[PDB]
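Heads up: the structure comes next, in structure tokens.
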Number of protein chains: 2
Amino acid sequence: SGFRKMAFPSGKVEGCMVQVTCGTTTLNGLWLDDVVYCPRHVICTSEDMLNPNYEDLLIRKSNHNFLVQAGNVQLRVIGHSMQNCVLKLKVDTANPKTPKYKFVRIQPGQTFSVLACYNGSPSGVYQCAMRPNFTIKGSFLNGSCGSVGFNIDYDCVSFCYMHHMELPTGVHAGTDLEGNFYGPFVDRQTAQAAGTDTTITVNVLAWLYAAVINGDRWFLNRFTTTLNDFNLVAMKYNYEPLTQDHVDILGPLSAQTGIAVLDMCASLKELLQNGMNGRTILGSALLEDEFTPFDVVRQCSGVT
Amino acid sequence: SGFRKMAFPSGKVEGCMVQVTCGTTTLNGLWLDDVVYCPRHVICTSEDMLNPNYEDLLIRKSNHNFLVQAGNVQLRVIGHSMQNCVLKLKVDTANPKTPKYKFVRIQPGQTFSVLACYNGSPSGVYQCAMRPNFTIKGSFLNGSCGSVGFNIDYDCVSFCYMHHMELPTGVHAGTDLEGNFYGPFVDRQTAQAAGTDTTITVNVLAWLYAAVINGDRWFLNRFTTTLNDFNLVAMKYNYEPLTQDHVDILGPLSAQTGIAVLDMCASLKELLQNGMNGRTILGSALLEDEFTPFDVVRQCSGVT
Ligand SMILES: Cc1ccncc1CC(=O)Nc1cccc(Cl)c1
Ligand SMILES: Cc1ccncc1CC(=O)Nc1cccc(Cl)c1
């Protein structure tokens with residue numbers, strides 16, 4: 001028992017981190033097979049970051065201008081190209097530690113582990129969620145760019161995120177591994193609006209089932225609700241509207257605990273309307289939305 | 001910016017995890033050099049767990065009765081011995097992936113990363129703290145025994161914890177890597193009292209400095225306090241008494257923010273006396289005590 005904001009073991013991703021330098025700028029790179037992926041702003045200087053013309057800037061760069069270092073050994077760059085907001089540096093050596101992997105574009109609400117890096121070296125790993133507004137509430141400093149978000153299914157690493165920037169609001173923005181930004185964000189040092197962030201209702205419900213599994217049952221009530229009635233409450237509290245798709249994915253947790261999805265929604269409704277009253281659920285004084293129903297099942301059953 | 005419950009990258013510890021079987025019991029083992037460390041209850045059956053006579057049970061076990069498996073390959077056991085509550089299985093092969101390492105016995109209040117394992121395979125990594133009462137609030141299921149807690153200083157892994165049992169209360173108990181339990185706990189399936197748990201005051205103060213560094217400053221007040229006055233409040237709220245030693249370790253954070261340690265104590269005093277009033281600090285609705293002053297400095301400066 002016990003429930004934690006658990007990240008995936010980062011070993012497979014650690015063996016992929018490299019340092020990429022270009023001019024005065026240094027950031028992290030992702031070495032899979034004979035290719036190094038990194039944010040395209042590695043080619044920019046501080047004057048450029050206001051409104052960089054990446055196509056013009058990259059034209060002044062040759063393969064030799066990109067310094068790729070794995071540990072303390074140098075990688076020979078034999079090719080370079082831009083794909084959306086990432087650079088793919090073709091190197092003459094395949095990464096001997098390249099795990100089985102996929103490039104995946106996640107949906108908002110889904111979660112992933114971030115391996116935060118500086119100068120190609122790992123500093124820490126944490127679990128986070130793609131917010132409904134396509135930002136992440138990470139922990140990143142200057143030089144963290146190029147750090148990646150991932151998921152792991154037995155031996156396959158699905159890379160889903162690459163960190164690019166911190167918005168003036170303190171939240172983080174980045175791309176999938178094809179360099180397409182999540183959300184409306186552009187890689188420019190400019191004021192950018194993130195959407196209104198909503199709470200991931202299906203994840204809060206999954207976390208309430210995780211609380212029941214682990215003994216925290218005070219919030220269970222004698223009530224039930226409908227999807228429509230629940231969503232009237234969710235709308236008011238800026239919670240994502242619950243669909244039959246969300247109810248279906250909560251099916252295994254509902255079966256495990258014997259608590260119907262709509263009865264759990266009724267508990268969530270009372271929690272939203274009356275607060276926690278100074279109490280806690282799984283060591284938290286607020287409703288947690290960063291565990292998907294999949295994360296709950298995985299953690300409570302010990303999937304390796 | 002941003003602050004997360006970050007764990008150490010687990011790669012160096014992943015390469016050390018093995019599966020250890022003895023009779024019907026299987027748990028995790030830690031392979032460093034030519035030695036495999038695991039909990040001594042691997043030699044027990046369900047009847048034994050009530051009051052096991054480990055010295056008598058181990059006498060019925062030969063090197064061949066201990067099945068050690070790293071990935072899918074078997075390790076030949078050439079020796080076995082008991083040290084307190086751990087078994088040290090001498091194997092004929094040194095772990096090729098053994099990192100630089102130390103065995104350390106942590107103090108309560110200190111933090112560490114846990115790499116939770118099942119059948120020798122890693123399932124996840126999370127950051128946790130040794131509670132003042134010597135228990136950990138982990139996330140562990142049956143088969144997680146043998147999973148280790150560690151810290152990393154550049155390239156050296158300091159192993160500080162080995163998971164042994166879950167108390168009937170749902171909290172977790174274990175040993176250092178010499179097999180000495182933290183706290184009064186014994187490796188028996190019996191009702192055991194954990195101490196009254198207190199909040200780690202120096203860690204809450206470190207986390208309030210982390211909030212200030214990252215923009216959350218609403219809790220800063222026009223007040224100051226004394227160590228004695230503060231401790232009268234800490235006593236009432238079951239917070240650890242603050243000493244000049246704790247004040248000294250908060251020195252770097254005090255210097256970084258320009259907020260005197262005692263002024264921060266006064267903010268904590270008002271927070272304890274008046275609650276959060278529905279507000280949050282670093283995405284939390286309660287006072288977080290699982291980040292040491294060292295963890296705050298490391299995270300806010302990007303130590304790799
Ligand atoms: C300072 C920091 C903190 C966290 N994560 C990243 C950073 C650096 C950063 O924001 N870079 C940046 C800024 C605007 C545009 C672009 Cl392309 C990149
Ligand atoms: C079921 C579980 C959940 C979390 N962590 C561990 C476990 C197994 C467990 O508690 N083992 C145990 C019990 C009493 C004594 C001793 Cl020696 C070992």
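Letters A, B, ... mark the chains of the structure tokens in the order given; residue numbers begin at 1 per chain; ligand numbers begin at 1, in order shown.
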Can you tell me which residues come within 7 Å of ligand 2 when counting only C-alpha atoms and all ligand atoms, ideally as a ChimeraX atom specification?
/A:1 /B:41,49,140-145,164-167,172,187-190
Kindly determine which residues of chain B lie within 7 Å of chain A, considering only C-alpha atoms, and give the answer as number ranges by chain.
B: 1-11, 14, 118, 121-126, 137-141, 170, 285-286, 302-304
Export of prior selection with N, CA and C atoms as a PDB file, in the first residue's frame:
```
ATOM      1  N   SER B   1      12.343  27.812 -13.380  1.00  0.00           N
ATOM      2  CA  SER B   1      11.481  27.808 -12.213  1.00  0.00           C
ATOM      3  C   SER B   1      10.561  26.576 -12.168  1.00  0.00           C
ATOM      4  N   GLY B   2       9.802  26.463 -11.094  1.00  0.00           N
ATOM      5  CA  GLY B   2       8.967  25.303 -10.849  1.00  0.00           C
ATOM      6  C   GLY B   2       9.666  24.432  -9.829  1.00  0.00           C
ATOM      7  N   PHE B   3       8.890  23.737  -9.011  1.00  0.00           N
ATOM      8  CA  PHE B   3       9.443  22.902  -7.964  1.00  0.00           C
ATOM      9  C   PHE B   3       8.692  21.592  -7.944  1.00  0.00           C
ATOM     10  N   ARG B   4       9.438  20.502  -7.988  1.00  0.00           N
ATOM     11  CA  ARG B   4       8.899  19.157  -8.065  1.00  0.00           C
ATOM     12  C   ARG B   4       9.512  18.206  -7.059  1.00  0.00           C
ATOM     13  N   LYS B   5       8.780  17.146  -6.684  1.00  0.00           N
ATOM     14  CA  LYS B   5       9.315  16.120  -5.790  1.00  0.00           C
ATOM     15  C   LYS B   5      10.190  15.196  -6.667  1.00  0.00           C
ATOM     16  N   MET B   6      11.358  15.690  -6.992  1.00  0.00           N
ATOM     17  CA  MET B   6      12.291  15.072  -7.896  1.00  0.00           C
ATOM     18  C   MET B   6      13.088  13.978  -7.264  1.00  0.00           C
ATOM     19  N   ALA B   7      13.209  12.862  -7.961  1.00  0.00           N
ATOM     20  CA  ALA B   7      14.046  11.773  -7.521  1.00  0.00           C
ATOM     21  C   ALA B   7      15.409  11.816  -8.270  1.00  0.00           C
ATOM     22  N   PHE B   8      16.410  11.107  -7.765  1.00  0.00           N
ATOM     23  CA  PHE B   8      17.693  10.987  -8.436  1.00  0.00           C
ATOM     24  C   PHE B   8      17.482  10.096  -9.639  1.00  0.00           C
ATOM     25  N   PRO B   9      18.177  10.368 -10.757  1.00  0.00           N
ATOM     26  CA  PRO B   9      18.106   9.454 -11.915  1.00  0.00           C
ATOM     27  C   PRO B   9      18.499   8.039 -11.453  1.00  0.00           C
ATOM     28  N   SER B  10      17.665   7.037 -11.703  1.00  0.00           N
ATOM     29  CA  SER B  10      17.869   5.694 -11.151  1.00  0.00           C
ATOM     30  C   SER B  10      18.757   4.720 -11.919  1.00  0.00           C
ATOM     31  N   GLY B  11      19.292   5.121 -13.062  1.00  0.00           N
ATOM     32  CA  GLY B  11      20.109   4.246 -13.911  1.00  0.00           C
ATOM     33  C   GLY B  11      21.208   3.448 -13.233  1.00  0.00           C
ATOM     34  N   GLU B  14      19.472   0.744 -11.197  1.00  0.00           N
ATOM     35  CA  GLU B  14      18.816  -0.236 -12.058  1.00  0.00           C
ATOM     36  C   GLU B  14      19.772  -1.350 -12.426  1.00  0.00           C
ATOM     37  N   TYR B 118      10.170  -5.381  -8.399  1.00  0.00           N
ATOM     38  CA  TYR B 118       9.394  -6.626  -8.297  1.00  0.00           C
ATOM     39  C   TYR B 118      10.088  -7.620  -9.178  1.00  0.00           C
ATOM     40  N   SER B 121      13.001  -6.492 -11.287  1.00  0.00           N
ATOM     41  CA  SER B 121      12.777  -5.495 -12.325  1.00  0.00           C
ATOM     42  C   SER B 121      12.249  -4.182 -11.762  1.00  0.00           C
ATOM     43  N   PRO B 122      12.801  -3.059 -12.234  1.00  0.00           N
ATOM     44  CA  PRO B 122      12.347  -1.758 -11.735  1.00  0.00           C
ATOM     45  C   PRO B 122      10.959  -1.363 -12.256  1.00  0.00           C
ATOM     46  N   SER B 123      10.093  -0.875 -11.368  1.00  0.00           N
ATOM     47  CA  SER B 123       8.761  -0.435 -11.769  1.00  0.00           C
ATOM     48  C   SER B 123       8.631   1.090 -11.733  1.00  0.00           C
ATOM     49  N   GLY B 124       9.314   1.740 -10.799  1.00  0.00           N
ATOM     50  CA  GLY B 124       9.280   3.194 -10.713  1.00  0.00           C
ATOM     51  C   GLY B 124      10.218   3.789  -9.695  1.00  0.00           C
ATOM     52  N   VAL B 125      10.390   5.113  -9.745  1.00  0.00           N
ATOM     53  CA  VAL B 125      11.266   5.807  -8.831  1.00  0.00           C
ATOM     54  C   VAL B 125      10.513   6.987  -8.225  1.00  0.00           C
ATOM     55  N   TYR B 126      10.694   7.207  -6.927  1.00  0.00           N
ATOM     56  CA  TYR B 126      10.045   8.314  -6.244  1.00  0.00           C
ATOM     57  C   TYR B 126      10.910   8.820  -5.130  1.00  0.00           C
ATOM     58  N   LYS B 137       6.896   6.692   4.157  1.00  0.00           N
ATOM     59  CA  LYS B 137       5.563   6.647   3.579  1.00  0.00           C
ATOM     60  C   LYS B 137       5.827   6.358   2.114  1.00  0.00           C
ATOM     61  N   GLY B 138       6.120   5.096   1.796  1.00  0.00           N
ATOM     62  CA  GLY B 138       6.467   4.719   0.434  1.00  0.00           C
ATOM     63  C   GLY B 138       5.282   4.240  -0.361  1.00  0.00           C
ATOM     64  N   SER B 139       5.553   3.517  -1.446  1.00  0.00           N
ATOM     65  CA  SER B 139       4.530   2.922  -2.289  1.00  0.00           C
ATOM     66  C   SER B 139       5.145   1.595  -2.611  1.00  0.00           C
ATOM     67  N   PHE B 140       4.717   0.566  -1.888  1.00  0.00           N
ATOM     68  CA  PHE B 140       5.309  -0.747  -1.968  1.00  0.00           C
ATOM     69  C   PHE B 140       4.235  -1.806  -1.848  1.00  0.00           C
ATOM     70  N   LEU B 141       4.340  -2.863  -2.642  1.00  0.00           N
ATOM     71  CA  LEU B 141       3.438  -4.006  -2.622  1.00  0.00           C
ATOM     72  C   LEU B 141       4.229  -5.260  -2.238  1.00  0.00           C
ATOM     73  N   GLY B 170       0.103   0.562   7.342  1.00  0.00           N
ATOM     74  CA  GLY B 170       0.291   0.947   5.949  1.00  0.00           C
ATOM     75  C   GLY B 170       1.581   1.699   5.677  1.00  0.00           C
ATOM     76  N   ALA B 285      -1.572  22.226  -0.936  1.00  0.00           N
ATOM     77  CA  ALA B 285      -2.441  22.850   0.052  1.00  0.00           C
ATOM     78  C   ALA B 285      -2.030  22.559   1.511  1.00  0.00           C
ATOM     79  N   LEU B 286      -0.891  21.910   1.707  1.00  0.00           N
ATOM     80  CA  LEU B 286      -0.334  21.656   3.018  1.00  0.00           C
ATOM     81  C   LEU B 286       1.170  21.997   3.041  1.00  0.00           C
ATOM     82  N   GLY B 302      20.406  23.282 -10.296  1.00  0.00           N
ATOM     83  CA  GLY B 302      20.636  22.296 -11.343  1.00  0.00           C
ATOM     84  C   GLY B 302      21.883  21.470 -11.178  1.00  0.00           C
ATOM     85  N   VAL B 303      22.095  20.925  -9.975  1.00  0.00           N
ATOM     86  CA  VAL B 303      23.250  20.064  -9.724  1.00  0.00           C
ATOM     87  C   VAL B 303      23.063  18.729 -10.468  1.00  0.00           C
ATOM     88  N   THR B 304      24.051  18.317 -11.278  1.00  0.00           N
ATOM     89  CA  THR B 304      23.951  17.065 -12.030  1.00  0.00           C
ATOM     90  C   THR B 304      24.900  15.998 -11.486  1.00  0.00           C
TER      91      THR B 304
END
```
Compile the contact shell of residue B:69 as an MDAnalysis selection string: residues with an atom at most 8 Å away, counting only C-alpha atoms, same-chain residues fewer than 2 positions apart removed.
chainID B and resid 18:20 67 71:75 120
Set the distance at 7 Å and use only C-alpha atoms: which residues neighbour stretch 217-222 of chain B once local chain neighbours fewer than 3 positions away are removed? I'd like the list as number ranges by chain.
B: 211-212, 267
Enumerate, as JSON, numbers by chain, the complete set of residues in stretch 47-255 of chain A that a backbone-based DSSP assignment places in helix (DSSP H, G or I).
{"A": [48, 49, 50, 54, 55, 56, 57, 58, 59, 63, 64, 65, 201, 202, 203, 204, 205, 206, 207, 208, 209, 210, 211, 212, 213, 227, 228, 229, 230, 231, 232, 233, 234, 235, 236, 244, 245, 246, 247, 248, 249, 251, 252, 253, 254, 255]}
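Restricting the calculation to only C-alpha atoms and all ligand atoms, the smallest distance between ligand 1 and any of A:25, A:226, A:244, A:158 is found for A:25.
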DSSP-assigned strand (DSSP E or B) members of stretch 21-270 of chain A, reported as a CSV table (one decimal) with C-alpha atoms, in the first residue's frame:
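Here's the written file states.csv:
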```
chain,number,residue,atom,x,y,z
A,21,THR,CA,26.7,23.1,-28.3
A,22,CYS,CA,26.5,25.5,-31.2
A,25,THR,CA,24.6,28.1,-26.8
A,26,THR,CA,24.7,24.7,-25.0
A,27,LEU,CA,21.6,22.5,-24.3
A,28,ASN,CA,20.6,18.8,-24.1
A,29,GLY,CA,20.3,16.4,-27.0
A,30,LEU,CA,18.7,13.0,-27.4
A,31,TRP,CA,20.8,10.3,-29.0
A,32,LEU,CA,18.8,7.4,-30.5
A,35,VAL,CA,20.5,10.6,-34.8
A,36,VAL,CA,20.7,13.4,-32.1
A,37,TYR,CA,17.5,15.4,-31.5
A,38,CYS,CA,17.6,18.8,-29.8
A,39,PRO,CA,15.6,22.1,-29.8
A,66,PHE,CA,27.4,21.5,-33.9
A,67,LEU,CA,29.4,20.1,-31.0
A,68,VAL,CA,27.8,16.8,-29.8
A,69,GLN,CA,29.3,15.2,-26.6
A,70,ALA,CA,28.2,11.9,-24.9
A,73,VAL,CA,33.6,11.6,-25.9
A,74,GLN,CA,32.8,13.6,-29.0
A,75,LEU,CA,30.4,12.6,-31.7
A,77,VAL,CA,28.3,15.2,-37.0
A,78,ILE,CA,27.7,14.0,-40.6
A,79,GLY,CA,24.4,15.7,-41.3
A,80,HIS,CA,21.9,18.3,-40.0
A,81,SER,CA,18.3,19.2,-40.7
A,82,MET,CA,15.4,21.0,-39.2
A,83,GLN,CA,12.1,19.3,-38.6
A,86,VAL,CA,13.9,20.3,-33.5
A,87,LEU,CA,17.2,19.7,-35.1
A,88,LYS,CA,18.2,16.2,-36.1
A,89,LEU,CA,22.0,15.9,-36.2
A,90,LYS,CA,23.1,12.8,-38.1
A,91,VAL,CA,26.1,11.3,-36.3
A,100,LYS,CA,13.7,0.0,-28.1
A,101,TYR,CA,11.7,3.2,-28.6
A,102,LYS,CA,8.8,5.1,-30.2
A,103,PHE,CA,8.0,8.7,-30.9
A,111,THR,CA,1.1,11.8,-17.9
A,112,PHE,CA,4.9,11.1,-18.4
A,113,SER,CA,8.2,11.1,-16.6
A,114,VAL,CA,10.7,13.9,-17.3
A,115,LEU,CA,14.4,13.3,-17.0
A,116,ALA,CA,15.7,16.9,-16.3
A,117,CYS,CA,19.2,17.4,-17.8
A,118,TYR,CA,22.0,20.1,-17.8
A,121,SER,CA,24.0,15.1,-17.6
A,122,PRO,CA,20.9,13.9,-15.7
A,123,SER,CA,20.0,15.8,-12.5
A,124,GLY,CA,16.6,14.2,-11.6
A,125,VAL,CA,13.4,12.5,-12.6
A,126,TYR,CA,9.8,13.5,-11.8
A,127,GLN,CA,6.4,12.5,-12.9
A,128,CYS,CA,4.2,15.2,-14.5
A,129,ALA,CA,1.1,15.7,-16.7
A,136,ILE,CA,3.5,21.3,-18.2
A,148,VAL,CA,12.7,14.7,-22.6
A,149,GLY,CA,9.4,13.4,-21.3
A,150,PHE,CA,8.7,9.7,-21.8
A,151,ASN,CA,6.6,6.6,-20.9
A,152,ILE,CA,7.9,3.0,-20.8
A,153,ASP,CA,5.9,-0.2,-21.7
A,156,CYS,CA,10.0,0.1,-25.1
A,157,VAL,CA,10.5,3.8,-24.3
A,158,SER,CA,7.8,6.1,-25.9
A,159,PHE,CA,9.4,9.6,-26.0
A,160,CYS,CA,6.5,12.1,-25.9
A,161,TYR,CA,8.0,15.5,-24.9
A,162,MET,CA,11.1,17.7,-25.4
A,163,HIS,CA,11.5,20.8,-23.3
A,164,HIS,CA,11.9,24.0,-25.2
A,165,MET,CA,10.8,27.0,-23.1
A,166,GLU,CA,9.5,28.5,-20.0
A,172,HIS,CA,6.8,25.0,-19.4
A,173,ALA,CA,6.3,24.5,-23.1
A,174,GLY,CA,7.7,22.0,-25.5
A,175,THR,CA,7.3,19.8,-28.5
A,181,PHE,CA,4.8,22.2,-30.1
A,199,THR,CA,-8.6,20.0,-13.9
A,239,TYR,CA,-13.0,20.6,-14.3
```
